[PDB]
Amino acid sequence: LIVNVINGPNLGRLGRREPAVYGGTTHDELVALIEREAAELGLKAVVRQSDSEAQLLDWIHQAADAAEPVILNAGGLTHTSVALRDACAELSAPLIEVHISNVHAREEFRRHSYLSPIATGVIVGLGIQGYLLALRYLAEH
Amino acid sequence: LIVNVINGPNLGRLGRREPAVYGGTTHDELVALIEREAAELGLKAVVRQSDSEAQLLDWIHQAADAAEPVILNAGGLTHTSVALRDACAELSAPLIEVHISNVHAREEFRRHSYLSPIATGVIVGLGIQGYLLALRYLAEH
Amino acid sequence: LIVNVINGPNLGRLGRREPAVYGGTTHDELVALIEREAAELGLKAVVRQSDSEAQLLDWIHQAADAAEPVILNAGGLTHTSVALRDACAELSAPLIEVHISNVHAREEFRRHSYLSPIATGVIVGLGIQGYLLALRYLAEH
Amino acid sequence: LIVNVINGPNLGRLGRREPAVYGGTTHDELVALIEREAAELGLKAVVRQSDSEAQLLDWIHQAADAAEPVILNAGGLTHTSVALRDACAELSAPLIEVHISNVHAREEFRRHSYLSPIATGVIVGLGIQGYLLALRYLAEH
Amino acid sequence: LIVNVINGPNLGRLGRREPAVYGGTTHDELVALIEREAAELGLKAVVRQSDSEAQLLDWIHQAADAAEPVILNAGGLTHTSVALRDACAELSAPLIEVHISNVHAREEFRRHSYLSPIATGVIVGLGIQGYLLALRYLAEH
Amino acid sequence: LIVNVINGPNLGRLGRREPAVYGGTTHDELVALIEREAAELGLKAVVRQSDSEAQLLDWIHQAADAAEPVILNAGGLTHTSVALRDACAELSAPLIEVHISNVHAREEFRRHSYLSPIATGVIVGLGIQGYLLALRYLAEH
Amino acid sequence: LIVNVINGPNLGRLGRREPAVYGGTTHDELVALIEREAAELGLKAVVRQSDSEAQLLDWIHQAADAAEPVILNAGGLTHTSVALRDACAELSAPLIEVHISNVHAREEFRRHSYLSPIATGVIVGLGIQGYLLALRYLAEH
Amino acid sequence: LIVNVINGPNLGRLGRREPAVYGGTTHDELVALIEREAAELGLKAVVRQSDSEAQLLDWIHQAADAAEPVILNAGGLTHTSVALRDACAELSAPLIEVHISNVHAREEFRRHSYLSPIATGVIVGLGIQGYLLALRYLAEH
Amino acid sequence: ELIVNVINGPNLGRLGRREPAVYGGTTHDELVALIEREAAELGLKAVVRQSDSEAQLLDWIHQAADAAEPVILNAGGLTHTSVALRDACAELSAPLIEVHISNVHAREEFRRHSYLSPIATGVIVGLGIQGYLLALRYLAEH
Amino acid sequence: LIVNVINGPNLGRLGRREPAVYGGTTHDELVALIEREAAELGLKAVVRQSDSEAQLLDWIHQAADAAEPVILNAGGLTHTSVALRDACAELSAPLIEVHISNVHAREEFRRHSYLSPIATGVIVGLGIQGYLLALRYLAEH
Amino acid sequence: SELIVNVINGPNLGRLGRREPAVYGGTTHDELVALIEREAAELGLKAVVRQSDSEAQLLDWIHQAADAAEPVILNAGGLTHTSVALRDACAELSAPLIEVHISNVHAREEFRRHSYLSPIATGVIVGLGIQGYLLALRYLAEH
Amino acid sequence: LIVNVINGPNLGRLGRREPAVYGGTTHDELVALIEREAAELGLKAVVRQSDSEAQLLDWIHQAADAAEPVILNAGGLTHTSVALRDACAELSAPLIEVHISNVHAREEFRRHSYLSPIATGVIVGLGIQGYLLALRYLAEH
Ligand SMILES: O=C(CCC1=C[C@@](O)(C(=O)O)C[C@@H](O)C1=O)Nc1ccccc1
Ligand SMILES: O=C(CCC1=C[C@@](O)(C(=O)O)C[C@@H](O)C1=O)Nc1ccccc1
Ligand SMILES: O=C(CCC1=C[C@@](O)(C(=O)O)C[C@@H](O)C1=O)Nc1ccccc1
Ligand SMILES: O=C(CCC1=C[C@@](O)(C(=O)O)C[C@@H](O)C1=O)Nc1ccccc1
Ligand SMILES: O=C(CCC1=C[C@@](O)(C(=O)O)C[C@@H](O)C1=O)Nc1ccccc1
Ligand SMILES: O=C(CCC1=C[C@@](O)(C(=O)O)C[C@@H](O)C1=O)Nc1ccccc1
Ligand SMILES: O=C(CCC1=C[C@@](O)(C(=O)O)C[C@@H](O)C1=O)Nc1ccccc1
Ligand SMILES: O=C(CCC1=C[C@@](O)(C(=O)O)C[C@@H](O)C1=O)Nc1ccccc1
Ligand SMILES: O=C(CCC1=C[C@@](O)(C(=O)O)C[C@@H](O)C1=O)Nc1ccccc1
Ligand SMILES: O=C(CCC1=C[C@@](O)(C(=O)O)C[C@@H](O)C1=O)Nc1ccccc1
Ligand SMILES: O=C(CCC1=C[C@@](O)(C(=O)O)C[C@@H](O)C1=O)Nc1ccccc1
Ligand SMILES: O=C(CCC1=C[C@@](O)(C(=O)O)C[C@@H](O)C1=O)Nc1ccccc1
């Protein structure tokens, strides 16, 4: 029972870098927390990260083809990519948009998401735990 | 830990009314779902609903005086009330903003919240499960 | 067949106060006129005024729960209250928004209404006669 | 005791065309309904329609010179024509602006009217009955 | 030198109607004043007025073909007509845009002209004398 | 298949005037080109041009009643006329909006069209060949 | 003689809460200070506070009936309440708007007041002292 | 009749500099042209120029105390100076605003003037002849 | 000559088999064949390429600039977002035709601004897959 | 303590000019009212006025070097001068911004001030007494 | 021939270094004059450094640079965001015009992010402190 | 001290292409100038260009890990990429944004940069010398 967790640009540097903004949990550690949560919930999680929009697009395409759910933290592309929104709008299974930081407590431009209108829902500002909460929503359909 | 769940105007009519927009769970069923989850999590939850902004402020003021966290669905007041923002800004414990519907998939005016900048985080679009995921975040502190 | 006529804040002071803006008809006179008109049309009118948004909401919920039509002059809340729009949006019977003054010949902020998009129709600037015309529309459906 | 009902562009196609938006009553049927109501009220109704802004302006100039009340559904020109607004501004008798459809539940651009600020009042969204309610107002004023 | 003076919608009613706004001089009186001033300057003035945009465009098309200058008071069309701008932009002889009233001392929407950017110049607010002053400019070159 | 090609204000002057902006083809030459291409395609084209909005609306009403497609270059009316949009919105056959010039390489105001949202599609900047391409689209339905 | 000082929502928590933003003076201490100052000026101060818009409207109605001056710190309602502005607009005696904090040094949204254009004057950012200065104004008229 | 012609910053360098924007006529030449024109009209013209806003305000103050008309080319201050507008608003004799260039055919910012709303009228884009047309207007009143 | 490059941007490799209600039922392969058939009618050669990679798109645009060949471009979502793509297209000396399969003016407001239109020779919107074939015929004649 | 009261352009004309807008007190009389009120408070007031922005800046620099507070009515520069704002931001002692008129009951452009965000506070609409109230604030520090 | 370059500083810059030294540095206007004169000597230029709080004085300096056909390095301080008159005087310059801001005007209030001068300037240097003037001088010395 | 000079999309085509916009110096020639100049300064420059946003992010991540300064000409990404801004914001060493062209003398959209607010400084419009000037800044910190 497969859920894709997909992280966009720069997020490979979590924890190690920008800890005051995005937390101390590294990308490897987050993969381990997601896999733990997934197991408890009876799901298989697949965690991917890329700085390449083309790569991200390809993973979304695969998830639309497999009709699998997607938890997506698109990084800066959240606020800028129509191409990413159009790939995501193809998904039939739920799409949960996640932001680690509270985008509403930062610069104004971070308060607009291209993904939110086509997502099932959005979790913002709850740190790493956002991913884990999103998983639990998907376990409940 | 004591967690205050507070619902704003009209939300007493959940499930019985507007089920296409806000779900089929009644307010009474919500309260019991929340108590069930709080028990599992080892928290105590107190859920309250009012159509009166003054009553909402009073509950916020009490959570402020007790340093207790708040999970708040302010209903229409999310987009309109600076008084409620200012009450909420005094809270020292976490404040989680919850919207049952995906306010990003509705009218443009719903895409702006006065609470998000001062909230710890926001959960939108995940139905009644939003309140349960918020509790789970507060349990992990 | 019952029609609810609901007046929002300050409108208890009609006639006696601000006559150059909202006319020289008092709220007591307006109730008697409306009852008179309702009698001739074979309707029953229940006319209620409050300065409290919560009380205005409760009256709207009652019309919703009764599937009775509403003629609403929300006063200042017309331009500010999403909570009120949301309660009115749940009405299954007609809603006619009424403004005594011509809100388009005043400050630009009075030219936007949260109610209009969700109302059946709107009558503006015809004085107290707007309520009587709204009745007659309801009498024919 | 003579009232001019002026319909702007495309409105000769009412009923037989675009029923879902502007209703199933044809322009002929509308003229007949207006004349019947005028008879009931003790008024004479002169109902004219034109696709030409120049012809509409001439009819407005004529009502200005005759000191006759006007009920105007200007159609598209409502949102676009300063010239029509300036012609209306010299009317000494009342001007009632009428829209069949609820212009506030349609494209954002329909929510601005060059006419409303200079009108005695405005009726929107009440269908064809809006002309009949405008007539009744004029009969009582 | 043949100079065309062209007046747009409603200006056939100058002097008689709206004199607090556009002065007390009538359109027949204006023609006379312009003709007299033209004789003094050694020009011939042709003065026309129409409420019909198509008619105004035909007059502009004729001045374009004859390479004759235009003094234009487009009335409300100043703020609204791209088609009139496009016809005026063809003129090879000078175009002088004239407003009797001071459009900057009125509604905000009067402060934008589609004609000013393509005109040789603009005269506003100087009453009927604007036309006479434009004529003298055109005599000088 | 009958196809109506409708040109709006000023476009009677194609080619002999403003050749740098709208090309060297005259209106008479355009009709001939269009007729010869419709002949090759197995279609009959009726080409009409008018500076009068009322006249344009009449031809659009006719195409609606006849269920015939329209290729429309509305000229300046593109950017200004809601009445023209509303008449076009009733067409049941395809509507193709054509602009000879590239309206996106010119003033900011030419970048918005009231017609594009209700057209089947739009061709901009391809010169007179744009009418002939529109014709080929209609030949393939 | 009587001056009405009215404090809006959350201001009962002055002093003991948010001392960095609104000062260390409690609402009880403020009442005492105003009452003493007023008495030294030969005035009698009545100091009110409520979290309920409706109660605030009721106090302003009574000050309008009594033709007494009002010093009003509306809190969050300053930026949001048209109903309050409308009640305040009928006051015949002076209306002084007071803000303890400098609203122009905080979020952009606090730089707009619905009250300031209908107030006699406004004092901002002078702390608790603003209410005492407002009293001294009223003592001079 | 004494008329003051006042030129603002940089205009001492007219004619010699920026001749492609503001013409070839020098400030010395412009003074002699204005003096010759004024003799012809039976007026006295006093022509002054300064780069100093304080000095232009002092001249406007003198024309206010003396109730003398002003022809003002404020140059860049037209778009920026509220202090200059406020001095000019005090003038009881006419105020004619002049721009040598067509400010509507240049950058967007030159299309708003602080002076135009408090001016008697405005003349734009007719080069130096603007000052002469304004003199002639004042000779007539 | 008359070699023309048809370039499709992101997600457009999934034409026809996916989102048929918004972009039509013609597949990318089918579209390549239709354009080739049309190209043979017109006496020109069409090269059709597609990529989800902005850098790849830019490379194809550079190659067209260097070869002074015209381009028919459907940039997909990048139409609305990429200044880099606009700047590469602005170097083109031969014509550039912007094509959208859907009618972008009947959709979300953000789709009604293109960064490419001001620098394109022209734009065809809303005419389905036939927009590419119409752009080819324009190019065959100028 | 030395307090500096600084008046900006045109305020040397107070009283004698524009009486209905800025009151009937002359600048000479304002200076004596201030000096007297300062004595009473045991302060020394220095009151100065200039139409020259460079002069106001010099006075502000001098207060910065002396660590003296300033009461500033900048007149038109309030809404326009970033240089004045930056000079004022250098002040370590309090800065009180004063407007005689209620700038929020006038043109929209006067509702924005460059000074308010850097001033300690602001007093608007209380006439000449606003300076006296500012002085009293400064007496209490 | 020793090329003359005019360095013109607008309002409040005579108080450089009074505050906010993290935004504007701790170097004073007179110390700046000396650093610029020295760098200019090294480059073979002659720097004329002038400062005024009077817009009319700044226009008069710009008028002289226009008549002399001399390059200008301009830090107009607050008038950058407000003065059309200053822009229109600068538009008349035939030699290069380099706009300099000591602070990073894009890291501060939004109203600082618009300059009336940048469109008419040869180019603009921002956020590089006082070194911005010296870099402007070096650009002028090369081209 | 190693300095990274990173050029974004299409800049590999400098000099040979678009010379009227970005100069006659090729990218190879620019690499030449920079390496030399850096050596003169006692620095070592590593100059890289790519059309791939993911490749540019990788080079930024490397400079962030190495604590090395960055001279960045992002090309069109300057106006569009929040992902690039976020990668840059992590740099601890100085970041200098360079534009060869004067972006303020072009289209309005080029006047906004996502990089400038997080950069140390920005050099624009100085052609290729802007890179050399930036190196000289970094030689000094
Ligand atoms: O660049 C980023 C992530 C950017 C980013 C993330 C968010 O989605 C979020 O809160 O998760 C909000 C959104 O506005 C945003 O752009 N991270 C990074 C950069 C360098 C080093 C370490 C981490
Ligand atoms: O009025 C409301 C809720 C209003 C509301 C809720 C949200 O916070 C949310 O999605 O939870 C979104 C927000 O924009 C909003 O205004 N509910 C109701 C009304 C009538 C009958 C039954 C229920
Ligand atoms: O405050 C009000 C009504 C306010 C009000 C009414 C309108 O709906 C309308 O035209 O009916 C327009 C709307 O913009 C508005 O806010 N009335 C009042 C106040 C004091 C004393 C006496 C009467
Ligand atoms: O074109 C129109 C009416 C247009 C119209 C009318 C309104 O005033 C109204 O609600 O009555 C709202 C206003 O926004 C508008 O433009 N009707 C039509 C068109 C084709 C066929 C049949 C009928
Ligand atoms: O309708 C009009 C003139 C309209 C008009 C004129 C102006 O060009 C000008 O000031 O000359 C300003 C412009 O904003 C405007 O719209 N006049 C009219 C109407 C009824 C009766 C008598 C006269
Ligand atoms: O006035 C016009 C056409 C104007 C026009 C046409 C467009 O639809 C187009 O590109 O076809 C774009 C649109 O913005 C516009 O308004 N032509 C003309 C005027 C005078 C003399 C000769 C010809
Ligand atoms: O909520 C408020 C006051 C709010 C408020 C006050 C102001 O009028 C002012 O400066 O006096 C400015 C205005 O923008 C604002 O909204 N106070 C509070 C909240 C929680 C705990 C303790 C005190
Ligand atoms: O600086 C200016 C004139 C400024 C100016 C003039 C206008 O009022 C007008 O057209 O008369 C339009 C207005 O927008 C503007 O700012 N002139 C100058 C500058 C340098 C050398 C020689 C002459
Ligand atoms: O993502 C896209 C194309 C996106 C796109 C194309 C358009 O240029 C156009 O109408 O051709 C309009 C434009 O606004 C847009 O972004 N297609 C896709 C996505 C998933 C599966 C199958 C196809
Ligand atoms: O020009 C002015 C003052 C202008 C002015 C004053 C205010 O600071 C204030 O209310 O005190 C509000 C602010 O908006 C403004 O511009 N006065 C004047 C002019 C001519 C003759 C006599 C007096
Ligand atoms: O007034 C100023 C500098 C003004 C200023 C400087 C900038 O040009 C720059 O970064 O160089 C950016 C620009 O936004 C700005 O206004 N300084 C000051 C004021 C008072 C006391 C001491 C120093
Ligand atoms: O595409 C670009 C650079 C684009 C670009 C550069 C700038 O940063 C700058 O001024 O250096 C300004 C910025 O607005 C921008 O987008 N160059 C190119 C394109 C094709 C062929 C040859 C060269």
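When a ligand or atom number is given, it counts from 1 through the structure's own listing order. Hydrogens, waters and symmetry mates play no part in the numbers below; they use all other heavy atoms, side chains included. Order of the sequence lines fixes the chain letters, A, B, ..., with proteins taken first and strands second; residue numbering starts at 1 for each chain.
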**OP:** Look at the rings of B/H79 and B/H99 and say which category their plane angle falls in: under 30° parallel, 30 to 60° tilted, over 60° perpendicular.
**Re:** parallel
Original post:
Aromatic rings G/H104 and J/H104: how do their planes relate, parallel, tilted or perpendicular, breaks at 30° and 60°?
Top reply: parallel
Give the atoms of ligand 11, by number and element, whose distance to some non-hydrogen atom of [X] is under 4.0 Å.
X     : value
K/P11 : 1 (O)
J/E90 : 20 (C), 21 (C)
K/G78 : 4 (C), 15 (C), 16 (O)

Original post:
Could you state the interatomic distance from OG1 (B/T78) to CG (B/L72), rounded to the nearest 0.5 Å?
Top reply: 6.5 Å
**OP:** With rounding to the nearest 0.5 Å, note down the distance linking SG in J/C88 to CG in J/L95.
**Re:** 5.0 Å
Where's the contact between [X] and ligand 11, heavy-atom distance under 4.0 Å: side chain, backbone, both or neither?
X     : answer
K/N12 : both
K/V23 : neither
K/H81 : side chain

Counting only N and O atoms by type, is there a donor-acceptor contact under 3.5 Å from the side chain of [X] to the main-chain atoms of [Y]?
X     : Y      : value
G/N7  : G/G12  : no
G/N10 : B/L57  : no
G/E29 : G/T26  : yes
K/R19 : J/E90  : yes
B/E97 : B/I123 : no

Heavy atom of the protein closest to [atom] (residue, atom name, distance):
atom                     : value
atom 5 (C) of ligand 7   : G/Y22 OH, 3.3 Å
atom 8 (O) of ligand 2   : B/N73 OD1, 2.8 Å
atom 16 (O) of ligand 11 : J/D86 OD2, 2.7 Å
atom 22 (C) of ligand 11 : K/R15 O, 3.5 Å

Original post:
Which atoms from ligand 7 have a heavy atom of G/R17 less than 4.0 Å away?
Top reply: 21 (C), 22 (C)
Subject >> Enclosure of B/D28 CG (heavy-atom neighbours >12, cutoff 6.0 Å) >> reply: no
Enumerate the atoms of ligand 2 whose separation from the nearest heavy atom of [X] is less than 4.0 angstrom.
X      : value
B/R110 : 13 (C), 14 (O), 15 (C), 16 (O)
B/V103 : 12 (C), 14 (O)
B/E18  : 20 (C), 21 (C), 22 (C)

**OP:** Evaluate the side-chain contact (heavy atoms from CB on, under 4.5 Å) criterion for residues G/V124 and J/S116: first the C-alpha distance (whole Å), next the side-chain angles of each, then the deciding distance (0.1 Å), finally the verdict.
**Re:** CA-CA 9 Å; G/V124 156; J/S116 308; over 6 Å; no
Original post:
If you measure from each heavy atom of G/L14 to ligand 7, is any distance below 4.0 Å?
Top reply: no
Original post:
Does ligand 2 have an atom that lies less than 4.0 angstrom from a heavy atom of C/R85?
Top reply: no
Original post:
Should K/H101 be counted as touching ligand 11, given the test is an N or O pair under 3.5 Å?
Top reply: yes
**OP:** Assess whether salt bridge (charged side-chain N to carboxylate O under 4.0 Å, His left out) is satisfied between B/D51 and B/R13, documenting all intermediate values.
**Re:** CA-CA 11 Å; B/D51 291 355; B/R13 302 161 68 68; over 6 Å; no
Original post:
Under 4.0 Å from ligand 2, counting heavy atoms only, is it the side chain of B/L11, its backbone, both or neither?
Top reply: side chain
**OP:** Check each heavy atom of B/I100 against ligand 2 and say whether those closer than 4.0 Å belong to the side chain, the backbone, both or neither.
**Re:** both
Original post:
So is B/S101 polar-close to ligand 2, meaning N/O to N/O under 3.5 Å?
Top reply: yes
